[PDB]
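Just one chain follows, in the form deposited in one PDB entry, and it is written as structure tokens.
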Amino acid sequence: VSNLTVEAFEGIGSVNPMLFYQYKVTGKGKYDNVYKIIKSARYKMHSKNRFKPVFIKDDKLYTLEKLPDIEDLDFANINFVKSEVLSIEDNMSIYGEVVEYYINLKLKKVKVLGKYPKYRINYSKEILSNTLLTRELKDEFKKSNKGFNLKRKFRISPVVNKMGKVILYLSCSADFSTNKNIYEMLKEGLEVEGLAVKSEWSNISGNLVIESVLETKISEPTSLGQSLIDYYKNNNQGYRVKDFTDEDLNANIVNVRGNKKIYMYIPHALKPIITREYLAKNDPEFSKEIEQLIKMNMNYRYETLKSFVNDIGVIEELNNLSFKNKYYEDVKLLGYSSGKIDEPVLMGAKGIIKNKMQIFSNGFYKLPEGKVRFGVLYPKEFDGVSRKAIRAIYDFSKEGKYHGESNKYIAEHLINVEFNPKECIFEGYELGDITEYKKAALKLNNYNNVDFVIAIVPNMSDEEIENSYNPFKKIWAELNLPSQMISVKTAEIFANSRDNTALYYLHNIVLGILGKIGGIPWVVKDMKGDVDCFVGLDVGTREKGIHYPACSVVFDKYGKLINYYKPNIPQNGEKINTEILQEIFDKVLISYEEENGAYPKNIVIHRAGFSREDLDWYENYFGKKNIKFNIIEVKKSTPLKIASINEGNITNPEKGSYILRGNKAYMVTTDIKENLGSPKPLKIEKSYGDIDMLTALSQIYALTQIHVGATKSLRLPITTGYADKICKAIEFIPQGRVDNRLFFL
């Protein structure tokens, strides 16, 4: 076996309790309260005084050296009060920002290649390094020929306990930048339209996109009311337009939309948001090159953070505070407790299966009773490829033969499909306007000889005449007909290939068409613990003020999806009511009653995005029905990463291993080998319950292995994962009542 760790660095030495300088902030201008301007006063007195450390405790303010207080600042004025040695046992945050400050000050003087500053530092948690690492440990810049800049984005967040020892938690993630602007991209005549841009000067938040580019110069007064150079002289920003030459005044104005107004900002300020769309459409060699550097296995992340901490060195302002360069050998020393979860034994038609691929020889666990008649849309210039495709997937579904040749890997009749090729419904459709796609799906649902659509769509790329996917899924969800839709590229894989590169695709096709007609391929053989049903819940929030109400999902102790339940009344705000929880848990009790002739006695409630609020309702509802129950909060995206160790060597962790402290657990559920990155684990915390977190996490991981619409396991559990996929597809579900056919899959 092996051991697990978190990306953490011990501190050699200890912070001895330093002498600070208390300060005070009075709301001289309009901001009467001290809370709304304590951050801005912190940065202002940090900036006016040679970037010396300035700290904040809840209403007060601090420094670390005696700094002359000032009164000229218009929003607030600062006055010295006193100077004390702050006790380390009662101050964790402020010695945290001490150690964070001295990491920033020790790194600001580190230069690479002689002249070039290796790090960009604004005295915070975020430390951008201009220099990446490579796999061969070369501190090398990474630039394009065009002017794109990959960079690291290190993140210190040290904590220091009551005694004095400090633990430096790190996480390297990379960063995309470019030196060029909208200015330079106009000067080399690139069509800058439709780009996502970032205002480098004004720090407004909002997805700024380019509408047009006005032919008027940026030195001429506009509809804003003045010249734009006057606009930046009047924002205390005129040192940016002071550098402007004649040709900089020969730039022309680029208007921009922020979904609330249009601005008029000069192209020298703006800069395109380098997404992978932009790297792909503008220099694909750079994008394919840096994909090895973006995705980082834990060994290369440890090498990157080793370079970072060796560039900390030793801080002589904090009693020679050094940080170690290796991780902890065990997170027992940090607080966590590690282990690996044994994988669940899964079963289909005939018992235990060795892999999830073997089910096509074995056979599916449940099939919905009846025959399921196909029906196919396909593009009008893509006819023979589509007929070969549906021939392939229908031979794999019905006949058990893969491009004609029957094999031992696939058993026959695994879906009870009914597709007579000379008799059943095909419709062709020309790739055109949206109402053609709507009437095309309507035309396939006129002829009522279809029980499962298998449409063919153009590819997600090739942004000429658009994807037929979304209008088809909207229509086939409104009209209650499940539809597994295929790309033309996958159809051409089915037509053209003489290899298994259509077989793996075809496995996932048939698992999709099984789950969408209401059959479930695999279940667990035995779910550990004493449990009778699982109830996933989740909610959503699209943007500001938009909220998705809570759609549930109901399993059994095998993990087969009994039901999923949209509730009736929409919520108010983020917090769903008590009536929603009332009808959801009434209907899980009804549904488990209907499936099994009895009530659940143990209901494990996985959930995401719920607070510890409204636990009192859960106590109420399952005391009054005396059903003991658990609530396990499964957090989808945690920033913690987990490494592994075989005698000091860092690798990715295998799937199933966890780290656990009390009732918060992190667990890697997905197996990601090197050259594809590090696994991004699951944060799992028990809100209320009485089961140990070993069986709680075992139910979690066993529900990750039962993704019923692919062959490789979903990272999330199928409770929280399928609950969230129902919450995203909030329209495709009918309002308020149950279904079993996994449309989202």
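Residue numbers here begin at 1 and follow the sequence given. Only the largest set of C-alpha atoms that superpose within 1.5 Å between the two forms is called the rigid core.
Form deposited in another entry: not shown, discussed below.
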**Item:** Only residue that shifts (Cα, 2 Å or more, rigid core superposed) between the shown form and the other one, among 344, 272, 375, 609
**Value:** 609
**Prompt:** With both forms fit on the core, is the shift of the CA atom of residue 316 between the shown form and the other one 2 Å or larger?
**Reply:** no
**Message:** Please determine whether the C-alpha atom of residue 676 is displaced by 2 Å or more between the shown form and the other one following superposition on the rigid core.
**Reply:** no
**Item:** After fitting the core, residue 231 CA displacement of 2 Å or more between the shown form and the other one
**Value:** yes
**Prompt:** in the other entry, do the Cα atoms of residue 235 and residue 125 sit closer or farther apart than here, given a shift of 3 Å or more?
**Reply:** farther
